[PDB]
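**Q** As they sit in the full assembly, here are the leading chains:
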Amino acid sequence: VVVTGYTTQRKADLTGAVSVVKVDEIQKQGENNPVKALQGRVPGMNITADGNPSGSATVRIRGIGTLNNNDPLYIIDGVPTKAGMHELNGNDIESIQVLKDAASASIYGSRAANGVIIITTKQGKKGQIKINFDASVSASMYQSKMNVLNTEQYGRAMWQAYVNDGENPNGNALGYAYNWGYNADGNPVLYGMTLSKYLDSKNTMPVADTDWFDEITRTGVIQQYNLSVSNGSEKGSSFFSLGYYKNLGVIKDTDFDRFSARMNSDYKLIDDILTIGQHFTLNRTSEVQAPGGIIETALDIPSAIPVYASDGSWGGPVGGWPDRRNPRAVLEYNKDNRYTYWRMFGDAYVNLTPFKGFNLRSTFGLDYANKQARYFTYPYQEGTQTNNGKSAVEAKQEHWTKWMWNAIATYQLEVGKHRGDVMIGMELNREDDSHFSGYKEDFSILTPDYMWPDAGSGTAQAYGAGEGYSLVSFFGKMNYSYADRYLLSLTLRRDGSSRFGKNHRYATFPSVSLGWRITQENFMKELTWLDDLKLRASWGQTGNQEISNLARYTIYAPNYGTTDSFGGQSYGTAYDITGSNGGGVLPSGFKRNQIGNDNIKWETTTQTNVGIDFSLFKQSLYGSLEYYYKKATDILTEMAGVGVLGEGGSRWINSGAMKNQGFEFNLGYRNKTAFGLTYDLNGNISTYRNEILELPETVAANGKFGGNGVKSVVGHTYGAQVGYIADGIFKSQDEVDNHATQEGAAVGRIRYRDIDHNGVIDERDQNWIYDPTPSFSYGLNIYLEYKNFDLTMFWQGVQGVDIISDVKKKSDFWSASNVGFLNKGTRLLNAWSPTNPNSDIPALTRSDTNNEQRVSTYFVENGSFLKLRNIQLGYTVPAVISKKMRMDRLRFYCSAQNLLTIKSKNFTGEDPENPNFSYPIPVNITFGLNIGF
């Protein structure tokens, strides 16, 4: 029996694509977020994340659905919230339904276009008093370090670039000395290379060989605790959890810690005609955030810079070396930007049955959450890197508030061989967000406790805003079986929000879903090895409303001009009249911000579905097979006002359409063998294919969504880039005339193929080179049970992925970024030379002669992989030794996450998931236990 919306149906009576998740593995993955702890157990649901200690996750359901925001809608004990789950207690979990469909998720709202994830929490069982106590102590180790070139290879690369120019390499701005000459074969050979002693003339900074990715990185411990007490009688139940989870990241001076609590209960009074219950949660998270671009800064700075000066201050690029801040200083100054986040839930449902089989309900949600921060800035001095002696402190504060109310009323009848369930009810909502801030300047002492905004001297500012939302709706549902053969369900939800235009308030969303069994038909009784086979099909129509709050309002704004605008644009409304030329007493006025239409509308999607169930071989080989085809029809794109409309012409209109189709196929084989062993192998294989149907205007031309301003996106998939084709190097001398009219043609300088074959090195040779929607995404869970032992493994992967690497631009070209003399990655030290003609890496030039920074097939890798997510070995302590200590179950398990990975030949990198500069994925090793009374 599972929960789908507000009701509970049977397990074998579903009609939509309700994918129920086994929650026996969520505590075995060992993470903060449960959604990150899925990461492949379900099909058609791409979850991508980092090794951020908060464990936040980017979730897509059934592939990409809409151009703008498409986060799914979580539901935690009736009350919904679209934001969180890395701060919620991820261990009071009873079942996680995932409603991937639209004809089964149409009941829950208009805002269920991206699919809803129904979560429920634990409860008290009848006649049990059990109490558990979990723990874990882990360790995080770094594995995916990109290799960079140190001082000798840096000097060799600089010498190679200057002799490929032909300029004397000894006339460089850096402190290098080169002893070199000419070989008899014409190629220059570097004989001797010698550094200086200091970095400048004034002898402030010595030279060294600093390992930056070994300087900002530590091993980080990870702790965890838990406790859970239950209860339960024939008239009441209770539950009461606790928690703690402390994570210290692999990058230095970032962390996360979460405290938690939970109280659940219910009380049934008069023969089950009156039932009051509640659900409550209370968290506190406290995360120090990593700064922006700290991996890229750790790649950029040359290794000759020391981490300290002659005195205790930080070292820096004192002259000639490019302007990159010391990353150890960036992590040492972003140490006490700690925020603090409280959060509460609520529920109070009241049940009432007047005669029999006919219930009523009236809940009341609540969702409060505030967030206090205090962000410091400091004065620094590293050679030429100086913030000019500036001190400030910003003291933010944000607030959120939601509350719902709904009153369903269900009916239940069983006569003959027919059962049915009709329910009706309304719903309410209200969101009241806020924030404000402060600012001060020019402090005297520099510590995180002196720098409160009263101990300052300088100028001050203040900020703040406020938002809102409302909703009111009515719904309905039906069920039918008529023989325990032919299932049928119809829903309908009329709903009207507070962001829809003035022309139409209420929106209607119908749904039809039907399914019928096979093995209960009497003409199939000759097939005895089969056990159950269920057909299903459905057709729904949902559509979200995550449009901006000011889409229908024609905003006017004061804009006196106190805020800063560089260039003198400064769209102000002051205008000193009387010719005073002085004094801050100027009059004010209103400029127009944007212009709204009154005919705004939700983003409706019409999604069909066809599914097939099976079960064989005395309840084994279970699994499903589904097919789906969705089509959103009204996507919002804000368009700039043409010409004579002047300022404030950005009108939000809704036109655009996408369509998605694919397959899902899960399977599971559980069977005990004669060896004295029991195995279980669940697994799933998905398939995904996207298309943009039509895009309205020149927004399709400039390429906000797809091709980079040179090709239309309509017809192809979403996010597909369009660029050149690079097929090799100018290896021979006769490539300058074997090729056709190349602009930059040298002994390096990768060739671009002709498409028009007319000497075309114009911008008319680009084609679609990169589409990020892979086929053949799959996963596999493997479970073993020997005597007194248990082993759990996992595998997850995807085949046929294209990625756009930007560490390849940093590691294959000497001059591709803007600033010069940056550190690189040590793949380019084996570049093309007259001595070594056996490498595909181009030559090392000092200037971008041939335009090599264009988008091209040289920057497309094979992103297919297969990596083990976790493996966990346990050891259950046997019966009489545990029962001598008056306890039920004991366990001493061990596990490790992300232990290995295998990739293709076609990838010169370090991590096939995130090739770019994000937070890395570290290896965990866990040594925990599980005391169960």
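**A** Good, I have the coordinates. Residues are numbered from 1 along each chain as shown, chains lettered A, B, ... in the order given.

**Q** quick one: contacts for residue A:282?
**A** Residues near residue A:282 by CB atoms under 8 Å, 6 or more residues apart in numbering: A:260-262, A:342-344. (C-beta placed from N, C-alpha, C; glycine too.)

**Q** Mind checking which of those residues land in helices?
**A** Of the contacts of residue A:282, none are assigned to helices by DSSP state H.

**Q** so which pair among the residues you listed is furthest apart in space?
**A** Largest separation among the contacts of residue A:282 by CB to CB: A:262 and A:342, giving 14.8 Å.

**Q** From what I see, residue A:277 and residue A:266 are in contact.
**A** Yes. Contact criterion CB atoms under 8 Å: residue A:277 and residue A:266 qualify, at 3.1 Å.

**Q** between residue A:262 and residue A:342, which one's more packed in?
**A** Counting neighbours by other CB atoms under 10 Å for residue A:262 and for residue A:342 shows that residue A:262 has the greater number, 22 against 15.

**Q** what's that one in contact with, if anything?
**A** Neighbours of residue A:262 in contact, by CB under 8 Å, 6+ apart: A:89, A:92, A:121, A:239-242, A:279-282.

**Q** change it to 10 Å
**A** A:88-89, A:91-92, A:121-122, A:228, A:239-243, A:279-283, A:345 (CB atoms under 10 Å, 6 or more residues apart in numbering).

**Q** buried subset of those residues?
**A** Burial by neighbour count, judged by 16 or more other CB atoms under 10 Å, picks out A:88-89, A:91-92, A:121-122, A:228, A:239-243, A:279-281, A:283, A:345 from these.

**Q** Mutual contacts of residue A:277 and residue A:266, please.
**A** With CB under 10 Å, 6+ apart, residue A:277 and residue A:266 have common neighbours A:123, A:236-237, A:349, A:351.

**Q** Which members of those residues are positioned in strands?
**A** A:236-237, A:351 (DSSP state E).

**Q** quick one on the thing from earlier: which of the shared contacts of residue A:277 and residue A:266 ranks first by neighbour count?
**A** For the shared contacts of residue A:277 and residue A:266, the largest number of neighbours (other CB under 10 Å) sits with residue A:237, at 20 neighbours.

**Q** Put this one in as chain B:
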Amino acid sequence: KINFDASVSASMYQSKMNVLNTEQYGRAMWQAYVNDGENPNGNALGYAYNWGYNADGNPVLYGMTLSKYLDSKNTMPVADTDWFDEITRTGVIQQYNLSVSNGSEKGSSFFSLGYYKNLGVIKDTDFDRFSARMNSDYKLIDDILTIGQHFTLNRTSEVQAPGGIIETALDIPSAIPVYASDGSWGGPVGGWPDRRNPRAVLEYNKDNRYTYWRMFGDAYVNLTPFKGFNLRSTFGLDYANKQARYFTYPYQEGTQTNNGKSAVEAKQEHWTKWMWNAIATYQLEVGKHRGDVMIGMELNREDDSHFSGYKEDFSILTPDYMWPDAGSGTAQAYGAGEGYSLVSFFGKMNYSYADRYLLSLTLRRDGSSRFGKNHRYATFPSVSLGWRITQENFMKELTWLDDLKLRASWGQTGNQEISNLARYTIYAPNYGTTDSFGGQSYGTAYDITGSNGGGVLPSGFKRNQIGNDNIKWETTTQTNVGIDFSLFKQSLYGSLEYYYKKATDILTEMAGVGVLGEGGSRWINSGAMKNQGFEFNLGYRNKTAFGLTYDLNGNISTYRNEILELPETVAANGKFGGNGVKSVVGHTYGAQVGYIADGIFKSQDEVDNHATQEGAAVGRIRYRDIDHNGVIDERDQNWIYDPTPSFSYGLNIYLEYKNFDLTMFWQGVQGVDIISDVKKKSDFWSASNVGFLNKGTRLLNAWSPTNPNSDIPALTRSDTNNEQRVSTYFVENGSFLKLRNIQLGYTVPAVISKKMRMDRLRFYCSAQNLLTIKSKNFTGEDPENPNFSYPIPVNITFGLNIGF
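**A** So that you can see how it sits with the rest, here is chain B on the chains above:
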């Protein structure tokens, strides 16, 4: 079981101050003028007087005319406004509470929801509270492992009465109208006094609402590894946060102006306290001996933060617009944190022999972050003894005395309730970003350049406080003795209490000597103070043989308080006593020194025969020549005020007859001095800083030749005699007896309600603070609130109790 309790009340202003009206104002003024012998037609207000002389030659008033407007340009009409009726209203109270409970062999569980809402009798002031509480506990293993939790969650919100509206309402004359001709708020113009429109103040302050969320609770574990041995650990959490926007609207009530200032301040505060302890206790019962031991440890920590953003100048003047992002003027930012922690080690030992001799022992060692390590901890022992007299066999020849128990105790308690920064020398940057009054911001910014500003000025630091390396714990030491009793088989019961209670090494924020200058104050252990007194409880309860149960239980007590020693600069300070003219050492906390008023000079004769008294004439206050030097000067003051009652008392009458129930609670305080500052406004025309304010209605009885039988000084226009000086004229007898509450109830007979499935249904009806007995010599309204605090209303209430 389950309990639904609901109530509704009307709240009515009662003791309202009698204040001149427009006609009365003009009569008093004519008297004030002619008394001083000036032309009463020279009041630059709108009054003109037809007056003359009687046969004996004293002035007499015949008729009186008032102009129609208070200004020449006729923007402010003349009123007879009753300003207190104009700022008060009938308050409304609501109260609802539900609670539900469940008890099983293996645990218990409680859940309540509550709401309060109270619209005070001062307009535009209100309060409300939402409350939930959940408690539960679980017995596992052999009831030997126990877990429990108590937790309450509360959201309150309030708009508070502005500072000084009662004084403003007392001060603003009737002639000033609520509304000006144009429909703006009314205000003084012309010659009319410097007083703001009190209705407008309250309205301008109606949106200064704070919202306050407090979470309070704990969780605990308890282990009993064998019989009599218990271990327990409790983690407490106490966390509140308070938000508010305070709005500054522009005002303009006649000449009462604000220029055109508009501003908003968004303020936030957080108080986060938590507590942690572990407890170890042993019990044992040996035939006749009984005994508890308990040792344990406790940690406390509070961390506070507060900050706020301030913005000036708004185009639309509503709380919808007035957010900081939308101001076009100057901004300010405020805030800071603080905190402290406490460590605590303690043990307690109980012993009982034969259930007739009892001994008890307490010993703590207590440290605080607020002291240096050289003084962190202090050690506090305690000792008490018991003597259950009646169980001794020779007392059992007394059938009429059920139990009688004599007890005595000695013990000490630390006190460290001081500023978190008390130890330190404090320099603050204090650029000067903050509202002052009349200047004296004491900021460190200065235009050292002479540019006249426009940009950030150089600034610095100013000393707030001098440190003290050796602050220690203050110690309060109590000796106590008392006796409990029970006569006539449990119908006559009660207890006495006598105690001596002394605080030594008292922690005193001690001012600096004058020449020390800016921020010369320091916290010192310097000072001592006693409190000794008697406390008595006595209750009688019995049924009667016609249906009436009656249960009286009353109480009474008295104390004396004496400051024993005091730093020299606090004695001269007056901070705790004699007005900075005499040192309060040896007198009650808050005692006050003053001139002795000795009636009124009633005859030129009596001035010339009195000591020399600057400003003394016929009709003025005769001040006593205490030193007998023939001069009335600053030396002639003595101890004239003590805030300590001779005794206070309380009494609860309870009746039950024929399903009805009646309760009265009376409370009295007897023998108290109050100092009245309304009397300054009621008995004089010029005992105030500013001329032409509204006056109390009593001075219509002021002494004159006309009216020679009076205590009220003759009306004058100048305080020549300085009758504003602190004197016995302002001390009155603030003794009172008040019906704090009376409640009447019917509870429907069981057989009737039990069939609607109700163990208890009851309706009731009550009134709080319905009646006040006071002294004839008290001249104001509420002896318990004789001046300007929020008035104490009479509530009248209806309500009900339902339980399943």
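
**Q** Please reconsider the contacts of residue A:262 now that chain B is part of the model.
**A** A:88-89, A:91-92, A:121-122, A:228, A:239-243, A:279-283, A:345 (CB atoms under 10 Å, 6 or more residues apart in numbering or on different chains).

**Q** got it, and residue A:633?
**A** A:541, A:543, A:603-606, A:654-659, A:693-694.

**Q** what sits against the nearest residue to residue A:95 once chain neighbours are set aside?
**A** Among residues not flanking residue A:95 along the chain, residue A:120 sits closest, at 5.5 Å (CB to CB, 6 or more residues apart in numbering or on different chains). By CB under 10 Å, 6+ apart, residue A:120 lies in contact with A:2-3, A:23, A:75-78, A:92-97, A:279.

**Q** Using JSON lines, lay out the residues you listed together with secondary structure.
**A** Below are the contacts of residue A:120 laid out as JSON lines (DSSP: H, G, I helix; E, B strand; the rest coil):
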{"residue": "A:2", "secondary structure": "strand"}
{"residue": "A:3", "secondary structure": "strand"}
{"residue": "A:23", "secondary structure": "coil"}
{"residue": "A:75", "secondary structure": "strand"}
{"residue": "A:76", "secondary structure": "strand"}
{"residue": "A:77", "secondary structure": "coil"}
{"residue": "A:78", "secondary structure": "coil"}
{"residue": "A:92", "secondary structure": "coil"}
{"residue": "A:93", "secondary structure": "coil"}
{"residue": "A:94", "secondary structure": "coil"}
{"residue": "A:95", "secondary structure": "strand"}
{"residue": "A:96", "secondary structure": "strand"}
{"residue": "A:97", "secondary structure": "strand"}
{"residue": "A:279", "secondary structure": "strand"}
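
**Q** Generate a PyMOL selection restricted to the buried entries among the residues you listed.
**A** In PyMOL, a selection of the buried entries from the contacts of residue A:120 looks like this (16 or more other CB atoms under 10 Å in any protein chain shown):
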select buried, chain A and resi 3+75+76+77+78+92+93+95+96+97+279
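
**Q** next one: phi and psi at the spatially most central residue of chain A?
**A** For chain A, the residue nearest the mean C-alpha position is residue A:58 (2.3 Å; CA atoms, centre = their mean). Per-residue torsions, residue A:58: phi -90, psi 120 (degrees, to the nearest 10).

**Q** is it in a bridge, and if so with what?
**A** Beta bridges link residue A:58 to residue A:48 when assigned by DSSP bridges.
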